[PDB]
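Asks: in their complex positions, the first chains:
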Amino acid sequence: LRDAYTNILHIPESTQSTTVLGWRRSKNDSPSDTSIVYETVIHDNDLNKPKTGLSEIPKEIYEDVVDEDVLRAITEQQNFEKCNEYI
Amino acid sequence: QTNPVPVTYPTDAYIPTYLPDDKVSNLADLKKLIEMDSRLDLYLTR
Amino acid sequence: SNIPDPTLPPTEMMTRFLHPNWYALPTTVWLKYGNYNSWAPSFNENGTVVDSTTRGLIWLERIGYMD
């Protein structure tokens, strides 16, 4: 939908990406090959498991009433999200 | 003369004051001698 | 063109070239007040790069022991 106040397209934010997970750099094939290769890349560590707000619940809520396995699952989910926030 | 004539060799030097007073025992005598030399210079020039 | 022949002198490039790494930095001045004026300011170190004692040590190493 083209908005007229700013004269600019508006697409649902889902189709767009949110953040930028750092950069990556390498070298050319030959020395003195002074060229720049700029390119974008998407990264989707463990696309099977969805993300939830579980990295936000403080420890002082779910603790002390949980099974060992559920505690391990909670920790795994939180660590998974935190690591997916990386490169 | 109205100016001190800049020269090429060092004309003086500080004496280090960070040496241990126990180990070096002849700094006081050297400073006394320097003071007496300054006094003699003052008296002669006056 | 006005370009001369490559065999005509001069032919050297860095004949009067001076790199900044040799530009004669400022140092102490070493004034001299007569002969019996010992209570007198000997140095004049206002815009120096290195202090007086280090300049004196440089002079001692390079010049004072040349003999």
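Replies: Structure received. Numbering: from 1, shown residues only, chains lettered A, B, ... in the order given.
Asks: list the contacts for residue A:43?
Replies: For residue A:43, the contact set (CB atoms under 8 Å, 6 or more residues apart in numbering or on different chains) comprises A:21, A:87. From N, CA and C alone the C-beta is placed, and that goes for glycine too.
Asks: distance check, it against residue C:33.
Replies: 76 Å (CB to CB, to the nearest Å).
Asks: next, residue A:3: phi, psi?
Replies: Residue A:3 has phi and psi values of phi -90, psi 140 when expressed as degrees, to the nearest 10.
Asks: wait, it sits on residue A:10?
Replies: Yes. The pair residue A:3 / residue A:10 is scored as a contact, 5.4 Å apart, by CB atoms under 8 Å.
Asks: count of neighbours near residue 7?
Replies: The chain I'm using is chain A. Using other CB atoms under 10 Å in any protein chain shown, residue A:7 is surrounded by 7 other residues.
Asks: chain C was what I was after
Replies: Residues within reach of residue C:7, counting by other CB under 10 Å, total 6.
Asks: which residue packs closest to residue 37, ignoring adjacent ones?
Replies: As the question left the chain open, I've gone with chain A. residue A:28 (8.0 Å; CB to CB, 6 or more residues apart in numbering or on different chains).
Asks: switch to chain B, that's the one I care about
Replies: residue C:38 (6.3 Å).
Asks: ok, now chain D:
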Amino acid sequence: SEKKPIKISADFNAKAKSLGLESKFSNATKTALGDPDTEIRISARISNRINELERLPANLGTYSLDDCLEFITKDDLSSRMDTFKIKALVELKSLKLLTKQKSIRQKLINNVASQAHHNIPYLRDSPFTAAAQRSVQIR
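Replies: Now chain D, sitting on the chains shown earlier:
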């Protein structure tokens, strides 16, 4: 070998040499291109080469041995007749524009040296260069 491998003395030219810093007290190094003899010799060689290049004929076509696939019929023009002529001209003109290249090179070198203390980090950041640049700006 067994004992101390340095043996510092009171010379300061053997002492400085034994620890690596030998040329670091001279203004500029010693090179070979600074004598008029070598300059005269190089100039002689260059003049000889230019003489040889100029004594070549103008009509200096080249048969390229790949003209077989180009079925030339004594009326067409071979697309490679000027390949040795172009090289001869390039070499001759490059040999005649030597002083121009020298001048531009020395201009570049001077204009990049004068700004060493302002463009090179490890020179701009030493305490001595900073102290000197401060000393110049003392009001």
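Asks: same as before for the neighbour count of residue C:7, with chain D this time.
Replies: 16.
Asks: ok, it - contacts?
Replies: D:43, D:46-47.
Asks: ok, now how distant is the closest residue to residue C:19 other than its chain neighbours from residue C:21?
Replies: Spatially, and ignoring its direct neighbours in sequence, residue C:19 is nearest to residue D:113 (5.3 Å; CB to CB, 6+ apart). Applying CB to CB, the value for residue D:113 to residue C:21 is 9 Å.
Asks: more neighbours: which of those two?
Replies: residue D:113 (15 against 11).
Asks: hmm, residue D:124 is touching residue C:20, no?
Replies: No. Assessed by CB under 8 Å, residue D:124 is found out of contact with residue C:20, at 10.6 Å.
Asks: mutual contacts of these two, please.
Replies: residue D:117.
Asks: who in chain D is up against chain B?
Replies: Residues of chain D that fall close to chain B, judged by CB under 8 Å from any CB of the partner chain: none.
Asks: longest single helix anywhere in chain D?
Replies: Using DSSP state H, we find that the single longest helix of chain D is helix D:36-54.
Asks: what's the following helix or strand after that one?
Replies: Using DSSP states H and E, the next helix or strand after helix D:36-54 towards the C-terminus is helix D:84-96.
Asks: picking that back up, please indicate which of the contacts of residue C:7 are buried?
Replies: Buried members of these, counted by 16 or more other CB atoms under 10 Å in any protein chain shown: D:43, D:46.
Asks: slot chain E in:
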Amino acid sequence: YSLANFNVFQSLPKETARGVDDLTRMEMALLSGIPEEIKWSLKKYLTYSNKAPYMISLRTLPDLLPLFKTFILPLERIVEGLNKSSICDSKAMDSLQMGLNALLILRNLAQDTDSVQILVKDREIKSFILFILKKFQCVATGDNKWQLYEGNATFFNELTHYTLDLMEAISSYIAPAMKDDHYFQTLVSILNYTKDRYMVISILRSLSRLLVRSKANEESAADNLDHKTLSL
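Replies: Chain E now in position relative to the chains above:
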């Protein structure tokens, strides 16, 4: 060939064609925190203080002194830590050099009336000057508390000089010095110690300016001048 060839683009001012006036550029660069911009802006500010100090006078441009103070107080901490080898890292050297540049800029500006009037009304700068003077006195009298490590002497040297110049200026605005004044004692100690000539003349001017409006019968700073100093 290019969309700039519209009539609309025929009326652009000359003030923005470069992007930002250099004063604004230097201010924002100091505000950023990026070290390269900091060094560039400090070099430019120093050149301006030396060759055009009326464009950056501390009166016409307020909120200029706070930035210099932010660069100058860590210099106080460093100088306190200067009695041993403590400039091992390059960030330490960079902070020290930024402090020295800001101090020289302050001195060059203090060579003017409005700027020194603004500088006097600042407790931080006066406290820093007093701190450096007390360190110099500790070096001069040969105290065992704080002994300068000679590997740093160079730095200290420059430091001292700038400080004294500053003192000289502000010496006119603390004119009547009382009995137990630390400035006077520090200056007389340094005067009895030093062998520099620039330093001796500066100290004499500073002392003669700290005795402007003082009474003979009233107890003043002139009672801190023992017969040794007068004889000298």
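Asks: check the neighbour count of residue C:7 one more time with chain E there.
Replies: Using other CB under 10 Å: residue C:7 sits among 16 other residues.
Asks: and the gap between the closest residue to residue E:157 other than its chain neighbours and residue E:70?
Replies: Closest residue in space to residue E:157, ignoring its immediate chain neighbours: residue C:51 at 4.2 Å, by CB to CB, 6+ apart. Using CB to CB, residue C:51 is found at 28 Å from residue E:70.
Asks: go on, residue C:12?
Replies: For residue C:12, the distance to residue E:70 (CB to CB) stands at 52 Å.
Asks: and for residue D:72?
Replies: From residue D:72 to residue E:70 the distance is 82 Å (CB to CB).
Asks: contacts only, for the residue of chain B found nearest chain E.
Replies: Nearest residue of chain B to chain E, counting by CB to the nearest CB: residue B:17, 3.8 Å away. For residue B:17, the contact set (CB under 8 Å, 6+ apart) comprises E:142, E:147.
Asks: residues near residue E:46, how many?
Replies: When neighbours are defined as other CB under 10 Å, residue E:46 has 21 of them.
Asks: over to residue B:45?
Replies: Considering only other CB under 10 Å, residue B:45 is surrounded by 12 other residues.
Asks: name the nearest residue to it, sequence neighbours excluded.
Replies: residue C:36 (5.1 Å).
Asks: secondary structure element for the one you found?
Replies: Per DSSP H and E, there is no helix or strand for residue C:36.
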